[PDB]
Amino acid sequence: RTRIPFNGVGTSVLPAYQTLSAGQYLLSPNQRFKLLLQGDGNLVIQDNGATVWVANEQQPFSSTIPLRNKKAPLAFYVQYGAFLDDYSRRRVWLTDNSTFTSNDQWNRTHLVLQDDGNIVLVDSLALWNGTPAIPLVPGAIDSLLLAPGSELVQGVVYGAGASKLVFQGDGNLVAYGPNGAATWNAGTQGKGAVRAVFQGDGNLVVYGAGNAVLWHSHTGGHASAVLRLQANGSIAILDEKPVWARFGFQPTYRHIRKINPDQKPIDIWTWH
């Protein structure tokens, strides 16, 4: 498998096998942080415009080895681990990830620039995507996450920025985008729906009278998945785990999502 040029400048994610080159950058969803590859060959993170981090030998859990090939362009990319090819300093700087579990991880692992300024490599699989035309945006403190085993109480408005998810009075389960228009619905209005639940088994289900199934996401059997509504109107169910970060991460620590004072999980990774 081979690489193609990155074309998501200003988004918060660098997908697998895409080449980021000089002048290109990521931004955190809240726009505070920027990850930038400079013309001089330094990979840098800036905080509201000021450099606060540089990729080099001093970063824990990273290695630097010699780059011999003089024909190698200045480039930064992800192939499970992340790599910075910088011939101007005869070096490849790379991340020391957690132990890999399957070759398939190479296709699923992307880099995220989170709202807290951490950059994190995430093994990410979208089990169900209700809104394929709306970009997935990881790492936003804005997003609403529901953990497996969460009831969507009829009539309650669950918000993410200006977007919302509602199990309505008419029985429909609907996600609304920031302009007030519907981005996705289950189409269960007027069928006698009594209950909507993101189950312990990772399945999103709308039940009618007599425990009858009216609609479901077909994501049964993934107890580690989460349901996420983004402020941009995206709704999806994802199975994700981190394999590296610039801070917080240690190879032997347990990964976990940060939580609100309300005990609700936030789309920000931390460790042990």
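Start at 1 and count along the sequence shown; that's the residue number.
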### Summary
Mean Cα B-factor check, 15 to 23 vs 252 to 260, entry values; winner is 252 to 260
### Message
Test of understanding: from the entry's C-alpha B-factors, which stretch has the higher mean, 236 to 244 or 47 to 55?
### Response
47 to 55
### Query
Which one, 211, 30, 230, 203, has the peak C-alpha temperature factor per the PDB entry?
211
### Chain-relative CA temperature factor third for residue 154
lowest
### Query
Which third of the chain holds residue 170 when residues are ordered by C-alpha B factor: lowest, middle or highest?
lowest
### Message
By the recorded C-alpha temperature factor, relative to the other modelled residues in its chain, which third is residue 217 in?
### Response
lowest
### Message
Is residue 115 in the lowest, middle or highest third of its chain when residues are ranked by C-alpha B-factor?
### Response
lowest
### Query
Taking the entry's C-alpha B-factors for this chain, is residue 179 in the lowest, middle or highest third?
highest
